[PDB]
Amino acid sequence: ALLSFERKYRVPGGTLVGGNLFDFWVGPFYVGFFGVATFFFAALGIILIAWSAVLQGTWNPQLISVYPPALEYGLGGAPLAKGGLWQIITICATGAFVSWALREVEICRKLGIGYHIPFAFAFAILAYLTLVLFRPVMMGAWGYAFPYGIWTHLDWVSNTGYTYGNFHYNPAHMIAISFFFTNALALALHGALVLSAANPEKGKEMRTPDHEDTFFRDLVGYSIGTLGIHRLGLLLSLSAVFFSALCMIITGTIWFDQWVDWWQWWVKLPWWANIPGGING
Amino acid sequence: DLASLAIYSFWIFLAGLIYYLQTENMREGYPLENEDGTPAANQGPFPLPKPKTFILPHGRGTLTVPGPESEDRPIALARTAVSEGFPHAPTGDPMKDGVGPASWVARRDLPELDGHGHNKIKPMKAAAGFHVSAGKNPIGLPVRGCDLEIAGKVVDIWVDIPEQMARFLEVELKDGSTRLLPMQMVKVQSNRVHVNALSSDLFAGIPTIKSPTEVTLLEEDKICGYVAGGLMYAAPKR
Amino acid sequence: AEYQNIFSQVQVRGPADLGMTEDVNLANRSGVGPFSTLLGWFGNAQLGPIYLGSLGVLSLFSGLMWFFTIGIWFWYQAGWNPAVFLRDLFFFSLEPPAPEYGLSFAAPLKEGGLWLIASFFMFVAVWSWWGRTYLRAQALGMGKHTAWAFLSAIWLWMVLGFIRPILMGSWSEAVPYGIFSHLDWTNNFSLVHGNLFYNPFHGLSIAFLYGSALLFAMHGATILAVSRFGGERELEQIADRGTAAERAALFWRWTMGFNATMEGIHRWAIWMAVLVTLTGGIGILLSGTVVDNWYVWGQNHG
Ligand code: BCL
Ligand code: BCL
Ligand code: BCL
Ligand SMILES: CC[C@H]1c2cc3[nH]c4c(c3C)C(=O)[C@H](C(=O)OC)c4c3nc(cc4[nH]c(cc(n2)[C@@H]1C)c(C(C)=O)c4C)[C@@H](C)[C@@H]3CCC(=O)OC/C=C(\C)CCC[C@H](C)CCC[C@H](C)CCCC(C)C
Ligand SMILES: COC(C)(C)C/C=C/C(C)=C/C=C/C(C)=C/C=C/C(C)=C\C=C\C=C(C)\C=C\C=C(/C)CC/C=C(\C)CCC=C(C)C
Ligand SMILES: [Cl-]
Ligand SMILES: [Fe+3]
């Protein structure tokens, strides 16, 4: 149940709530007050998903789907069968996510390490809350949120996108995609670099971080370094999600027309607004 | 049809990949043990991978993993419950004993070398050409602990030569001796360097190095472990 | 507030590093460029030296030719007017030859011929750059991981503008060189093949794209959390495990039940990213050649 070097780290302390009440492990899992909390929220949430399944008349995972209240209900409560279950489950999901993050904070305190991990996770929580809470409340109805279903939630993405024409034209959406793409590029490189140094040509000795920097300078004339690339990966990732939340928070609120039309501000600038020729003239 | 064939065979490929990946990540820490250090009955579904050997550079030998795991040091801890899964309490001083957040690993008592075989980390005074090129120079600043008391003054910066980076600050104590402080655990301010993890009276306890011009991996671990441990154990003063 | 180590507090500089030698032809390395205090707050301050061999110059020349060829056409569509160029920069587009010309190189310049020219340069610029990433690693005696990972990105690229077009029978199926136009092409491609959300390889691809962001967020955050124990020195931690590696592993073990090793996490990383374009290329290759409509296919699975 313990890794060979684990015992010396399992000492008391670090908890944020309940002192030593929940300060223990179950197998490899650390519990803590928030471990108990997420179990509660998760169990309750799964139960309500099952109940929702019977009301729908199907136990098929690819068909189950909990929808939010219809627009008519605005931002108020709704009958379980018509959006109420979705509202409670959403409360549970949020409760489980936040509890999971605080549990990580306790694990950090016991291990004496930084809080960068739970901090980064909060950005994911934020993107989720933007879609099921912030945007809907700003738009006036829970109905704008997405449904909890494997394929139904993809339909929502599709319908929501096309509601504004080709969503590709959302400028914040463009920034976000760039970070997602760049992050994957960077992750592939980091993974490849460290491995090519630790696993050089057969028979040769392990390369050094010096060879890692040399390799990239030879290739593109610059090397960000071992500390910098971990900083970069953290930034590209958090930025991708930050701009994702941003491109949706402005859609349907400050801008509700076709996203492609937004680009007319640039083309209609006084100066070239009339110069004949080109594509727009 | 072709599409169906492609996707089914992809899931099989993916299953083999996860298997490979999980076993590769079992090259350290395994086999699992019971709290008393004996082999646990259930090791999980994945078997240990076949050993691999790394040829370390600069004639430092080889490393083969998985291999004999051993703490190679006494652990001042005792059980707090009659069953598995509970915390183990420090029998002595957790800071001095090196347990909990103050733990250190018994790494080789040699310094890390760069691609040329030279000590990777050296105090700046002994590093030709190196100088502070940006940001406040800490050398000369008084060092304050979490108890807002002055514990010493910075007399130098230990730098990573191949990566041109500051890694430690050498601090001189009231008694004329010095200690190293991890760069990541200090806050350089305009008129002082603040150390939140330790209280002034704990600086003397920071493990000392045997040579004044080099640090070994073993000493780095003891120093960093000790300082990080202050976050939990110094608390009654911070 | 405690130090987070996202930006350096103090910068330190020494003599420009000319790098390792091994079997590298030192004649082909340029000189060290200047030092950037700007970059130094985040990563290394040193710019250069860069290695420019034959393959390097070849790739760089092809690259610019591809870039310029598109540029010439963009100027041509703007009637050589500087104002128009800037105004409609995002709308210009070098479309491929019409369906009529099929897979031939007879199409006139003003109708795809120029597209073929540009594509030729890009094809040379990219593959020669691939050989470069392989040779630069060999000269240093390192594994060929970077070149193999790069091949994965090349796969999706090859499929989009070469493989699929050949199998379809015409260059008209390829992607046009244009900022907004290649976006429109992407939207159309989906509409025309049913809905791409029904393509199982597309969904897997998204899985890995999302996963790459999740993993790098996890990995980057972990290393910074244990940098107070020298965690970023990943190679030495692989050779002689320190408390940074143990704490990193235990954080994840206590959180989700299992963990990785300092070397292992990088194997997870290289694959999570590589699979994005690997499954992606497969999904695109099968579209229009074997499967006309993913919705329909999804109803039968064959
Ligand atoms: C046809 C439809 C439109 C379109 C419509 C939309 C719409 C509509 C939306 C996006 C959004 C996104 N689009 Mg789009 N998009 C299109 C085309 C593209 C193309 C392309 C190459 O063509 C690309 C690259 C993208 C890319 C993207 C991403 C930038 C972004 C989603 C990532 C995200 O928010 O993560 C954020 C991550 C999360 C929300 C997850 C949070 C995870 C939570 C906290 C934890 C869950 C735990 C789980 C329950 C636990 C399980 C336990 C088990 C034990 C494992 N789009 C087309 C043109 N796109 C979305 C966005 O920006 O959202 C903010 C969005 O709403
Ligand atoms: C970000 C913009 C859209 C969106 C757009 C898309 C698009 C577009 C696609 C998906 C796809 C998926 N989405 Mg989504 N998705 C959104 C929000 C969510 C939320 C949430 C809590 O907000 C969740 C749990 C999911 C979950 C999922 C997965 C079922 C599936 C992706 C696997 C994956 O690799 O993910 C990345 C994460 C990992 C690799 C980590 C491991 C996590 C595992 C895979 C989670 C499994 C969850 C399980 C199936 C659900 C358990 C719920 C029970 C109640 C406990 N999405 C928002 C609203 N999603 C893909 C698919 O194939 O769908 C059918 C796909 O193409
Ligand atoms: C309306 C349009 C459709 C759609 C149509 C498509 C289509 C069509 C394609 C994708 C593809 C992808 N889509 Mg989509 N997609 C939609 C909606 C989504 C949503 C969402 C939340 O709604 C998401 C997350 C995604 C996500 C994704 C990615 C997983 C995937 C591309 C991976 C990649 O890295 O490419 C970028 C990486 C490359 C192109 C690699 C090649 C790069 C080359 C080698 C570099 C050249 C460099 C050049 C020479 C140098 C430039 C540098 C200079 C300095 C300038 N799509 C909607 C429903 N999507 C692609 C795929 O693989 O699908 C299976 C694809 O073809
Ligand atoms: C797992 C797949 C992911 C991935 C991986 C990946 N990409 C890679 C690699 C890998 C493993 C490399 O090794 C390779 C690399 O070398 O990276 C640093 C690369 C690379 N990925 C690149 C791009 C890229 N990757 C992308 C994506 C991805 N790459 C995926 C997410 C995308 C997207 C999202 O569309 C793009 C645009 C390239 C930057 C680079 C390969 C370089 C190349 O092929 O170059 C040929 C050379 C040219 C085209 C030169 C001309 C450039 C400009 C047009 C001119 C202006 C600049 C010039 C310097 C001016 C000179 C002026 C003179 C007066 C001096
Ligand atoms: C300031 O003005 C000057 C003139 C100096 C320069 C200006 C230049 C400008 C403004 C350039 C703008 C270019 C842009 C915006 C280009 C954008 C391209 C994009 C967005 C995407 C590219 C997609 C292309 C991929 C899919 C292409 C793949 C191509 C291939 C796989 C090669 C296929 C090969 C062919 C057809 C023939 C070669 C033959 C053989 C077998 C050897
Ligand atoms: Cl030399
Ligand atoms: Fe790393």
# chains A, B, ... in the order shown; residues from 1 in each chain; ligands from 1

$ interface_residues --of "chain A" --to "chain B" --cutoff "7 Å" --atoms "only C-alpha atoms" --output "ChimeraX atom specification"
/A:1-5,7-12,24-27,110-112,205-206,208,210

$ closest_atom_pairs --of "chain A" --to "chain C" --cutoff "6 Å" --atoms "only C-alpha atoms" --output "JSON lines"
{"residue": "A:28", "atom": "CA", "partner": "C:257", "partner_atom": "CA", "distance": 5.3}
{"residue": "A:29", "atom": "CA", "partner": "C:254", "partner_atom": "CA", "distance": 4.5}
{"residue": "A:30", "atom": "CA", "partner": "C:254", "partner_atom": "CA", "distance": 4.9}
{"residue": "A:113", "atom": "CA", "partner": "C:225", "partner_atom": "CA", "distance": 5.4}
{"residue": "A:114", "atom": "CA", "partner": "C:225", "partner_atom": "CA", "distance": 4.1}
{"residue": "A:116", "atom": "CA", "partner": "C:221", "partner_atom": "CA", "distance": 5.0}
{"residue": "A:117", "atom": "CA", "partner": "C:221", "partner_atom": "CA", "distance": 5.0}
{"residue": "A:184", "atom": "CA", "partner": "C:273", "partner_atom": "CA", "distance": 5.5}
{"residue": "A:188", "atom": "CA", "partner": "C:270", "partner_atom": "CA", "distance": 4.9}
{"residue": "A:191", "atom": "CA", "partner": "C:270", "partner_atom": "CA", "distance": 4.6}
{"residue": "A:192", "atom": "CA", "partner": "C:145", "partner_atom": "CA", "distance": 4.9}
{"residue": "A:196", "atom": "CA", "partner": "C:143", "partner_atom": "CA", "distance": 4.0}
{"residue": "A:197", "atom": "CA", "partner": "C:142", "partner_atom": "CA", "distance": 5.6}
{"residue": "A:199", "atom": "CA", "partner": "C:143", "partner_atom": "CA", "distance": 5.8}
{"residue": "A:200", "atom": "CA", "partner": "C:142", "partner_atom": "CA", "distance": 4.1}
{"residue": "A:201", "atom": "CA", "partner": "C:143", "partner_atom": "CA", "distance": 5.4}
{"residue": "A:214", "atom": "CA", "partner": "C:19", "partner_atom": "CA", "distance": 5.2}
{"residue": "A:217", "atom": "CA", "partner": "C:50", "partner_atom": "CA", "distance": 5.4}
{"residue": "A:218", "atom": "CA", "partner": "C:51", "partner_atom": "CA", "distance": 4.4}
{"residue": "A:221", "atom": "CA", "partner": "C:50", "partner_atom": "CA", "distance": 4.1}
{"residue": "A:222", "atom": "CA", "partner": "C:47", "partner_atom": "CA", "distance": 5.4}
{"residue": "A:224", "atom": "CA", "partner": "C:43", "partner_atom": "CA", "distance": 4.9}
{"residue": "A:225", "atom": "CA", "partner": "C:44", "partner_atom": "CA", "distance": 5.8}
{"residue": "A:226", "atom": "CA", "partner": "C:232", "partner_atom": "CA", "distance": 5.9}
{"residue": "A:227", "atom": "CA", "partner": "C:232", "partner_atom": "CA", "distance": 5.6}
{"residue": "A:228", "atom": "CA", "partner": "C:43", "partner_atom": "CA", "distance": 4.3}
{"residue": "A:230", "atom": "CA", "partner": "C:220", "partner_atom": "CA", "distance": 4.4}
{"residue": "A:233", "atom": "CA", "partner": "C:216", "partner_atom": "CA", "distance": 5.5}
{"residue": "A:234", "atom": "CA", "partner": "C:217", "partner_atom": "CA", "distance": 4.9}
{"residue": "A:237", "atom": "CA", "partner": "C:213", "partner_atom": "CA", "distance": 5.1}
{"residue": "A:267", "atom": "CA", "partner": "C:87", "partner_atom": "CA", "distance": 5.5}
{"residue": "A:272", "atom": "CA", "partner": "C:83", "partner_atom": "CA", "distance": 5.9}
{"residue": "A:278", "atom": "CA", "partner": "C:78", "partner_atom": "CA", "distance": 4.4}

$ write_last_selection --atoms "N, CA, C and O atoms" --output "compact mmCIF listing (two decimals), in the first residue's frame"
# COMPACT_ATOMS: atom_id res chain seq x y z
N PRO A 28 -3.94 4.24 -1.24
CA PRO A 28 -3.04 5.33 -1.61
C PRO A 28 -3.68 6.71 -1.46
O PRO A 28 -2.99 7.73 -1.42
N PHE A 29 -5.00 6.74 -1.36
CA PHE A 29 -5.75 7.98 -1.26
C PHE A 29 -5.71 8.72 0.07
O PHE A 29 -5.92 8.13 1.12
N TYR A 30 -5.45 10.02 0.01
CA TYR A 30 -5.48 10.82 1.22
C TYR A 30 -6.95 11.24 1.36
O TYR A 30 -7.63 11.47 0.35
N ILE A 113 5.10 21.55 -0.30
CA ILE A 113 5.35 22.04 -1.65
C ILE A 113 4.47 23.25 -1.98
O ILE A 113 3.59 23.63 -1.19
N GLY A 114 4.71 23.85 -3.14
CA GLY A 114 3.94 25.01 -3.58
C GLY A 114 2.52 24.66 -3.95
O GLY A 114 2.19 23.48 -4.14
N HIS A 116 0.91 25.54 -6.77
CA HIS A 116 0.69 25.72 -8.19
C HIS A 116 -0.34 24.79 -8.80
O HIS A 116 -1.09 25.21 -9.67
N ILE A 117 -0.38 23.53 -8.36
CA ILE A 117 -1.34 22.59 -8.93
C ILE A 117 -2.81 22.98 -8.68
O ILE A 117 -3.56 23.17 -9.64
N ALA A 184 0.29 22.11 -27.20
CA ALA A 184 0.53 20.72 -27.63
C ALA A 184 1.91 20.63 -28.27
O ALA A 184 2.64 19.66 -28.05
N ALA A 188 4.95 18.31 -26.74
CA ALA A 188 5.61 17.29 -27.55
C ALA A 188 7.13 17.49 -27.52
O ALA A 188 7.89 16.53 -27.40
N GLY A 191 8.64 16.75 -23.95
CA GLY A 191 8.69 15.32 -23.75
C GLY A 191 9.80 14.68 -24.55
O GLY A 191 10.55 13.84 -24.05
N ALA A 192 9.92 15.10 -25.81
CA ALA A 192 10.95 14.57 -26.69
C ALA A 192 12.36 14.97 -26.24
O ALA A 192 13.29 14.16 -26.29
N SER A 196 15.20 12.22 -25.19
CA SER A 196 16.34 12.05 -26.09
C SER A 196 17.66 12.26 -25.35
O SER A 196 18.72 11.85 -25.83
N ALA A 197 17.61 12.92 -24.19
CA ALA A 197 18.82 13.14 -23.41
C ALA A 197 19.01 11.96 -22.45
O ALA A 197 20.13 11.47 -22.28
N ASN A 199 17.80 9.00 -22.91
CA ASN A 199 17.89 7.79 -23.73
C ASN A 199 18.57 8.11 -25.06
O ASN A 199 17.92 8.11 -26.11
N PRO A 200 19.88 8.37 -25.02
CA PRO A 200 20.69 8.70 -26.20
C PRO A 200 20.91 7.49 -27.08
O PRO A 200 20.37 6.42 -26.82
N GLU A 201 21.71 7.65 -28.13
CA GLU A 201 21.97 6.53 -29.02
C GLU A 201 22.52 5.38 -28.19
O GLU A 201 23.28 5.61 -27.24
N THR A 214 21.92 23.07 -26.04
CA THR A 214 22.70 23.10 -27.26
C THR A 214 21.86 22.64 -28.43
O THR A 214 21.89 23.25 -29.50
N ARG A 217 19.46 25.43 -29.50
CA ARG A 217 20.11 26.60 -30.04
C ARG A 217 20.55 26.26 -31.46
O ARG A 217 20.37 27.04 -32.38
N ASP A 218 21.09 25.06 -31.64
CA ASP A 218 21.49 24.64 -32.97
C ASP A 218 20.29 24.65 -33.91
O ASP A 218 20.38 25.07 -35.07
N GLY A 221 18.10 28.55 -32.74
CA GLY A 221 18.84 29.69 -32.23
C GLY A 221 18.47 30.18 -30.84
O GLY A 221 18.89 31.26 -30.43
N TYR A 222 17.67 29.41 -30.12
CA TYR A 222 17.29 29.80 -28.77
C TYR A 222 16.82 28.61 -27.95
O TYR A 222 16.27 27.65 -28.49
N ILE A 224 14.88 27.98 -24.14
CA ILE A 224 14.26 28.64 -23.01
C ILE A 224 14.78 28.12 -21.67
O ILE A 224 14.67 28.80 -20.65
N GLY A 225 15.36 26.92 -21.67
CA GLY A 225 15.87 26.37 -20.42
C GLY A 225 14.91 25.45 -19.69
O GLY A 225 13.70 25.47 -19.91
N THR A 226 15.46 24.63 -18.80
CA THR A 226 14.68 23.67 -18.04
C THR A 226 13.63 24.28 -17.11
O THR A 226 12.55 23.72 -16.96
N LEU A 227 13.93 25.41 -16.47
CA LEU A 227 12.95 26.02 -15.59
C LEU A 227 11.91 26.76 -16.42
O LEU A 227 10.72 26.67 -16.16
N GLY A 228 12.39 27.48 -17.43
CA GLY A 228 11.51 28.25 -18.29
C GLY A 228 10.48 27.45 -19.07
O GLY A 228 9.36 27.92 -19.27
N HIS A 230 8.95 24.77 -18.11
CA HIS A 230 7.89 24.29 -17.24
C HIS A 230 7.00 25.49 -16.92
O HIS A 230 5.79 25.35 -16.72
N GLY A 233 4.86 25.90 -20.20
CA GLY A 233 3.78 24.95 -20.30
C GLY A 233 2.63 25.35 -19.38
O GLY A 233 1.47 25.26 -19.75
N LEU A 234 2.95 25.82 -18.18
CA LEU A 234 1.91 26.23 -17.26
C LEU A 234 1.14 27.42 -17.84
O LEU A 234 -0.09 27.46 -17.78
N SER A 237 -1.08 26.66 -21.16
CA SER A 237 -2.27 25.93 -20.73
C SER A 237 -3.31 26.81 -20.05
O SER A 237 -4.49 26.79 -20.42
N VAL A 267 -12.25 46.72 -41.68
CA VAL A 267 -12.38 47.05 -43.10
C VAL A 267 -13.04 48.41 -43.39
O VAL A 267 -12.78 49.01 -44.43
N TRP A 272 -8.96 53.51 -45.57
CA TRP A 272 -9.17 52.61 -46.70
C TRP A 272 -10.61 52.18 -46.93
O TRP A 272 -10.91 51.45 -47.88
N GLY A 278 -9.28 45.08 -54.33
CA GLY A 278 -9.18 44.10 -53.26
C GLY A 278 -10.40 43.20 -53.17
O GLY A 278 -11.14 43.05 -54.14

$ select_by_dssp --residues "region 93-142 of chain C" --states "helix (DSSP H, G or I)" --output "tab-separated table (two decimals) with N, CA, C and O atoms, in the first residue's frame"
chain	number	residue	atom	x	y	z
C	99	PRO	N	-11.33	21.78	-59.90
C	99	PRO	CA	-11.52	20.33	-60.03
C	99	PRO	C	-11.20	19.80	-61.43
C	99	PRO	O	-10.69	18.69	-61.58
C	100	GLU	N	-11.51	20.60	-62.45
C	100	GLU	CA	-11.28	20.23	-63.84
C	100	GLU	C	-9.87	19.73	-64.12
C	100	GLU	O	-9.68	18.76	-64.84
C	101	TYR	N	-8.89	20.41	-63.53
C	101	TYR	CA	-7.49	20.05	-63.74
C	101	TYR	C	-7.05	18.80	-63.00
C	101	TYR	O	-5.94	18.31	-63.20
C	109	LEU	N	-1.15	29.56	-64.06
C	109	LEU	CA	-0.75	30.26	-62.84
C	109	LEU	C	-1.89	30.95	-62.10
C	109	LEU	O	-2.02	30.80	-60.88
C	110	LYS	N	-2.71	31.70	-62.83
C	110	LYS	CA	-3.82	32.41	-62.21
C	110	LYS	C	-4.96	31.51	-61.78
C	110	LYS	O	-6.00	31.99	-61.34
C	111	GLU	N	-4.77	30.19	-61.89
C	111	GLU	CA	-5.83	29.28	-61.50
C	111	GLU	C	-5.33	28.01	-60.82
C	111	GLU	O	-5.74	26.91	-61.18
C	113	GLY	N	-1.98	27.15	-60.58
C	113	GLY	CA	-0.60	26.88	-60.91
C	113	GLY	C	0.32	27.45	-59.85
C	113	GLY	O	1.26	26.79	-59.41
C	114	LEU	N	0.04	28.68	-59.42
C	114	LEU	CA	0.84	29.35	-58.41
C	114	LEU	C	0.70	28.63	-57.06
C	114	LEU	O	1.65	28.57	-56.27
C	115	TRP	N	-0.49	28.08	-56.80
C	115	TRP	CA	-0.73	27.33	-55.56
C	115	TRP	C	0.21	26.12	-55.52
C	115	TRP	O	0.81	25.82	-54.49
C	116	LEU	N	0.32	25.43	-56.65
C	116	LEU	CA	1.19	24.26	-56.78
C	116	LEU	C	2.65	24.65	-56.57
C	116	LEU	O	3.41	23.91	-55.94
C	117	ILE	N	3.04	25.80	-57.11
C	117	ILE	CA	4.41	26.27	-56.96
C	117	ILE	C	4.71	26.45	-55.48
C	117	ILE	O	5.67	25.90	-54.94
C	118	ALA	N	3.85	27.23	-54.81
C	118	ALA	CA	3.99	27.51	-53.39
C	118	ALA	C	4.00	26.22	-52.57
C	118	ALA	O	4.82	26.06	-51.66
C	119	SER	N	3.10	25.29	-52.89
C	119	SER	CA	3.04	24.02	-52.18
C	119	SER	C	4.34	23.24	-52.34
C	119	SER	O	4.75	22.53	-51.43
C	120	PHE	N	4.98	23.38	-53.49
C	120	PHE	CA	6.23	22.68	-53.75
C	120	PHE	C	7.31	23.18	-52.78
C	120	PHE	O	8.04	22.38	-52.20
C	121	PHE	N	7.39	24.50	-52.63
C	121	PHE	CA	8.38	25.08	-51.73
C	121	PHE	C	8.12	24.68	-50.29
C	121	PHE	O	9.04	24.34	-49.55
C	122	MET	N	6.85	24.71	-49.89
C	122	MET	CA	6.49	24.34	-48.54
C	122	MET	C	6.87	22.88	-48.27
C	122	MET	O	7.39	22.55	-47.21
C	123	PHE	N	6.62	22.02	-49.25
C	123	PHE	CA	6.94	20.60	-49.13
C	123	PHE	C	8.43	20.39	-48.90
C	123	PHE	O	8.84	19.55	-48.10
C	124	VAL	N	9.25	21.18	-49.59
C	124	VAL	CA	10.70	21.10	-49.45
C	124	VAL	C	11.17	21.73	-48.13
C	124	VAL	O	12.02	21.18	-47.43
C	125	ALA	N	10.60	22.88	-47.80
C	125	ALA	CA	10.94	23.58	-46.57
C	125	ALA	C	10.70	22.72	-45.33
C	125	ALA	O	11.53	22.67	-44.42
C	126	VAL	N	9.55	22.03	-45.31
C	126	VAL	CA	9.18	21.19	-44.18
C	126	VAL	C	9.98	19.89	-44.04
C	126	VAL	O	10.49	19.60	-42.96
C	127	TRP	N	10.08	19.12	-45.11
C	127	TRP	CA	10.82	17.86	-45.03
C	127	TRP	C	12.31	18.04	-44.77
C	127	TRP	O	12.92	17.23	-44.08
C	128	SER	N	12.91	19.09	-45.33
C	128	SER	CA	14.33	19.33	-45.12
C	128	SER	C	14.53	19.74	-43.66
C	128	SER	O	15.55	19.42	-43.04
C	129	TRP	N	13.54	20.43	-43.11
C	129	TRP	CA	13.61	20.84	-41.71
C	129	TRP	C	13.49	19.61	-40.82
C	129	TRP	O	14.05	19.56	-39.73
C	130	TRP	N	12.76	18.61	-41.30
C	130	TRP	CA	12.60	17.38	-40.54
C	130	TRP	C	13.95	16.67	-40.47
C	130	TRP	O	14.37	16.23	-39.40
C	131	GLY	N	14.61	16.55	-41.62
C	131	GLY	CA	15.92	15.91	-41.65
C	131	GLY	C	16.89	16.64	-40.74
C	131	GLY	O	17.77	16.04	-40.13
C	132	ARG	N	16.71	17.95	-40.66
C	132	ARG	CA	17.55	18.79	-39.81
C	132	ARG	C	17.38	18.43	-38.32
C	132	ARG	O	18.36	18.30	-37.60
C	133	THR	N	16.13	18.26	-37.87
C	133	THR	CA	15.91	17.92	-36.46
C	133	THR	C	16.47	16.54	-36.13
C	133	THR	O	16.78	16.25	-34.98
C	134	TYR	N	16.61	15.70	-37.15
C	134	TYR	CA	17.14	14.36	-36.93
C	134	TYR	C	18.67	14.41	-36.86
C	134	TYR	O	19.30	13.83	-35.97
C	135	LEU	N	19.27	15.12	-37.81
C	135	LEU	CA	20.72	15.24	-37.86
C	135	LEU	C	21.29	16.03	-36.69
C	135	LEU	O	22.36	15.67	-36.19
C	136	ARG	N	20.61	17.08	-36.25
C	136	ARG	CA	21.09	17.88	-35.13
C	136	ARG	C	21.15	17.05	-33.85
C	136	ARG	O	21.94	17.34	-32.95
C	137	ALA	N	20.30	16.03	-33.76
C	137	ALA	CA	20.27	15.17	-32.58
C	137	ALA	C	21.37	14.12	-32.68
C	137	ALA	O	21.98	13.74	-31.69
C	138	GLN	N	21.61	13.65	-33.91
C	138	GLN	CA	22.64	12.66	-34.15
C	138	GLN	C	24.02	13.24	-33.87
C	138	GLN	O	24.87	12.57	-33.28

$ residues_around --residues "residue 147 (chain A)" --least-positions-apart "3" --cutoff "6 Å" --atoms "only C-alpha atoms" --output "count of residues only"
3

$ interface_residues --of "chain B" --to "chain C" --cutoff "8 Å" --atoms "only C-alpha atoms" --output "PyMOL selection string"
chain B and resi 1-4+7+21-22+24-28+54+56+63+103-108+112+115+128-137+159+161-166+182-188+196+220-221+224-225+228

$ write_last_selection --atoms "C-alpha atoms" --output "compact mmCIF listing (two decimals), in the first residue's frame"
# COMPACT_ATOMS: atom_id res chain seq x y z
CA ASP B 1 -15.68 -1.48 -43.34
CA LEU B 2 -12.19 0.03 -43.20
CA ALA B 3 -13.22 2.77 -40.74
CA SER B 4 -14.53 0.24 -38.24
CA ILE B 7 -10.95 2.35 -34.88
CA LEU B 21 3.27 3.56 -19.96
CA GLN B 22 2.10 2.34 -16.57
CA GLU B 24 7.46 2.27 -17.27
CA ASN B 25 6.29 4.42 -14.36
CA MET B 26 6.91 1.60 -11.90
CA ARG B 27 10.70 1.79 -12.16
CA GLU B 28 10.86 3.59 -8.80
CA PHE B 54 21.60 4.23 -17.51
CA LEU B 56 26.03 8.05 -16.16
CA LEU B 63 22.07 3.05 -12.68
CA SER B 103 12.46 14.96 4.56
CA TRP B 104 15.59 14.56 2.47
CA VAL B 105 16.71 11.66 0.29
CA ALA B 106 20.12 9.99 0.52
CA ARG B 107 21.38 11.08 -2.91
CA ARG B 108 25.03 10.64 -3.90
CA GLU B 112 26.18 17.65 -10.08
CA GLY B 115 28.46 18.81 -19.79
CA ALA B 128 34.74 34.10 -13.71
CA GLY B 129 32.60 36.50 -15.70
CA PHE B 130 29.40 36.05 -13.74
CA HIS B 131 27.65 39.12 -12.39
CA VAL B 132 24.13 40.25 -11.54
CA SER B 133 22.77 41.55 -14.84
CA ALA B 134 19.23 42.46 -13.78
CA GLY B 135 17.03 42.84 -10.73
CA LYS B 136 18.08 43.89 -7.23
CA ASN B 137 21.48 42.47 -6.23
CA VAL B 159 24.96 30.12 -9.49
CA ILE B 161 26.93 28.03 -14.60
CA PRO B 162 25.58 26.10 -17.62
CA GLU B 163 22.08 27.49 -17.14
CA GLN B 164 23.21 30.93 -15.94
CA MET B 165 20.79 30.93 -13.04
CA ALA B 166 20.85 31.86 -9.36
CA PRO B 182 17.29 28.02 -1.78
CA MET B 183 16.61 30.87 -4.18
CA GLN B 184 12.99 29.67 -4.55
CA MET B 185 12.30 30.11 -0.83
CA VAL B 186 13.35 33.74 -0.40
CA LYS B 187 11.80 37.07 -1.23
CA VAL B 188 14.33 39.67 -2.35
CA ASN B 196 9.00 33.17 5.44
CA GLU B 220 21.21 20.14 -1.49
CA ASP B 221 18.45 17.74 -0.42
CA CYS B 224 16.05 22.29 0.88
CA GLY B 225 14.16 19.68 2.89
CA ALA B 228 10.66 23.61 3.36

$ closest_residue --among "A:123, A:86, A:179, A:271" --to "residue 145 (chain A)" --atoms "only C-alpha atoms"
A:86

$ closest_residue --among "A:190, A:231, A:82, A:202" --to "ligand 7" --atoms "only C-alpha atoms and all ligand atoms"
A:190

$ residues_near_ligand --ligand "ligand 5" --cutoff "7 Å" --atoms "only C-alpha atoms and all ligand atoms" --output "PyMOL selection string"
chain C and resi 67-68+70-72+74+116+119-120+122-123+157-162+171+174-179+182

$ residues_around --residues "residue 280 (chain C)" --least-positions-apart "6" --cutoff "8 Å" --atoms "only C-alpha atoms" --output "ChimeraX atom specification"
/C:156,201-202,204-205
